[PDB]
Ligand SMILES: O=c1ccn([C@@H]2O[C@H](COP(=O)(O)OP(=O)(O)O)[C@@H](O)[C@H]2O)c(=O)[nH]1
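The chain below stands alone, shown as structure tokens; this is the form deposited without the ligand.
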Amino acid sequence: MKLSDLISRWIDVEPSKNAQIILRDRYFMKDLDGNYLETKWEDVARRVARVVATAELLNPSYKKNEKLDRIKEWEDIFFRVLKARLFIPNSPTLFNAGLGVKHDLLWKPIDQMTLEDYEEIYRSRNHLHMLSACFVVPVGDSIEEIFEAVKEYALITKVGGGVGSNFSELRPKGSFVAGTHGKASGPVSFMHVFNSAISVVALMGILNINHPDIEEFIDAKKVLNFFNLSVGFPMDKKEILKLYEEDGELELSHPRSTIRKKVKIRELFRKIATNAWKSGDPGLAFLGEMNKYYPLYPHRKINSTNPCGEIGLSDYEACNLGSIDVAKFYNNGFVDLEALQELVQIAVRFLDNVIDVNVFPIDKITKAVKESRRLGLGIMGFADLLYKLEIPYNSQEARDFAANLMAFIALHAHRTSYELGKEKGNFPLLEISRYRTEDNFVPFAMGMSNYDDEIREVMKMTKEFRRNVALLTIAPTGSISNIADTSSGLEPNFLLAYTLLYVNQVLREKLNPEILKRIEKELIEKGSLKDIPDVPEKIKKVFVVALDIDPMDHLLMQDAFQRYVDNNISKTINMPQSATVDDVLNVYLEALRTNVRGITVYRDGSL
């Protein structure tokens, strides 16, 4: 059906009292006296839609006469899509849209908006108007660069950004410092400062596997409570796998130190596994794998991710995200690829426009975003969608469907970026990117869909016109999925029921209302359906939660999506409390064989 039909079915559906708490809590704009400027989700949609459609001011394809019409059109479509909660941008966009803009412009009826009005919104966006979630900054090997980075951290965190860095440039603890004839503190010690900084104003800290301080880093939490830590693998994944299998040795070294050392790669991996087994940190960041698909590599280079891993970013680059709720696209046992296609084109445009009306706390970031125009279009509602299609999450069926769904989005996303590159101009760096200097460059692995051939061609076309360097991600959507009363990102539901009691909205519609009342006592207790008597088999099988799905089944779902995502993916590999450190190692080894670009594990009941 038409997207406009789908909008009708949804646009009048108000958020659950549950989502309404979150909204009143931190999304509804309040003035300085504290009073509410927004009291209904609808008000948010209007403000955001109006701000992001303002970008069309810059559109060189629009005649000045029609300029007001075009803008009003995009506002409306952005608005409708936003109010129906079919697509939602990252929290910073919802938080900060229109900050600095007069309160008489952001909500007034769209029929009263003049060109004057929009031009005014554009000009009055203030230094707080920061609409992107994900940042990376470098941390150079000097006191000067280090503390400039600490300041950068505080500035980005102030405006609601999440920032990460690779700290491997910092020379190892004990290394010679010429300027003081003393000895260097080492990266782990400096990280404590970044931590202290943020504790008064969420972070990704990466150290490469071959840094002499890697071992101290791996145990750094047992303090750095505001960091997620990942171990960095800048080399090819194949290469590390090979070394591990040969029980080979890895040389720890650094350019600005005489400190060097041999360590068994297996012992290094076991150290990481043990710590992760204990506490869920550190993760693995396959940086070399990210650059392999980075269109600007090696002119520019990905060294780190944002805090949740889903976006690989070069120095000073930032990325804005948004997700589509695919559970809302269910229609009589099928995914509505007609409405969805339309929505992808709209979302890519919305996200690309966000860049235009975005304000960053640092000029180097502004430059980097303008050069690349990286976007992060993703999905939520996936698990709930499977529930509707009655497909077990932990099944090859699920994974084939997943790869297929992502492929479709990937194809239409890059299609749209082609058209946007045509209408508005390419990203300035297209010319030096592999989309131009290579033949058959594809931003991701593929190999699990019938769509591949059509994707391979649309990549060829972006040799001439491309608005964005990369387009796709799967984020955690923790907060925006609660607003969209749907499941989070690509994750299965963690629980089907929990306390006022809640029961999954889709389980509610399949299961016999009678049974629901009986088993619920046990369900909230055991957090699963699989050992509850007299529940239809195919309901136990369909309505699986995170912990019903074994580690490998989580991994391979991540693989499936990653094959059609040119950025990274947020995926927790959940693990039974009974898992051993070896079980964790096996996940790492398997991960090295798949196409995943990062690994995060959490063993149930370990913290």
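Heads up: residue numbers just count along the shown sequence, starting at 1. Each form is matched to the other, and the largest set of C-alpha atoms that superpose within 1.5 Å is called the rigid core.
Comparing 172-180 with 388-396 by root mean square Cα distance to the shown form in 8 other deposited structures of this protein, with the rigid core used for the fit, gives 172-180 as the more displaced stretch. Remark: when the other structures in 8 other deposited structures of this protein are fitted onto this one via the rigid core, 502-510 deviates more than the alternative among 279-287 and 502-510, judged by RMS CA distance. Missing coordinates between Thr499 and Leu500 amount to 10 or more residues of the deposited sequence. The stretch of deposited sequence separating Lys222 from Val223 contains 4 to 9 residues lacking coordinates in this entry. Taking the PDB entry as given, 515-523 carries the higher mean Cα B factor of the two stretches 168-176 and 515-523. If you average the C-alpha B-factors over 34-42 and over 546-554, the higher value belongs to 34-42. Each of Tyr297, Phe217, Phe227, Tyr118 has a CA temperature factor in the record; the biggest one is found at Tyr118. Taking the PDB entry at face value, the top CA B factor among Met29, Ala560, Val48, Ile573 belongs to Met29.
Per-chain ranking of the deposited C-alpha B factor places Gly333 in the highest third. Sort the chain's modelled residues by C-alpha temperature factor and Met290 lands in the lowest third, per the entry. Ranked by Cα temperature factor within the chain, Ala470 sits in the middle third according to the deposited record. Sorting the modelled residues of the chain by their CA temperature factor places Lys278 in the lowest third.
When the modelled residues of the chain are ordered by their C-alpha B factor, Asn65 lands in the highest third.
Keep in mind that the form solved in complex with the ligand is not shown, yet the notes after this line are about it.
Remark: open binding site. Placing the ligand in the deposited bound form onto this structure by local C-alpha superposition gives no atom within 2.4 Å of a backbone or C-beta atom. Heavy atoms of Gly425 never reach within 4.5 Å of the ligand in the deposited bound form, leaving it off the interface. Using a 4.5 Å cutoff between non-hydrogen atoms, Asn210 does not count as a contact of the ligand in the deposited bound form. Under a 4.5 angstroms non-hydrogen atom cutoff, the ligand in the deposited bound form lacks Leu250 among its neighbouring residues. Heavy atoms of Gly421 never reach within 4.5 Å of the ligand in the deposited bound form, leaving it off the interface. Taking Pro361, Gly288, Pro392, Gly161 one by one, only a single residue has any non-hydrogen atom within 4.5 Å of the ligand in the deposited bound form, and it is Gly161.
Between the ligand and the residues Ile409, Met191, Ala475, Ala347, the one pair within 4.5 Å by heavy atoms in the deposited bound form involves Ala475. Contact with the ligand, judged by heavy atoms within 4.5 Å in the deposited bound form, is confined among 455-463, 363-371, 86-94, 396-404 to 86-94.
In the deposited bound form, no residue of the candidate spot (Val137, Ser304 and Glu317) has a heavy atom lying within 4.5 Å of the ligand. Contacts between 312-347 and the ligand, taken as any heavy atom within 4.5 Å in the deposited bound form, involve only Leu321.
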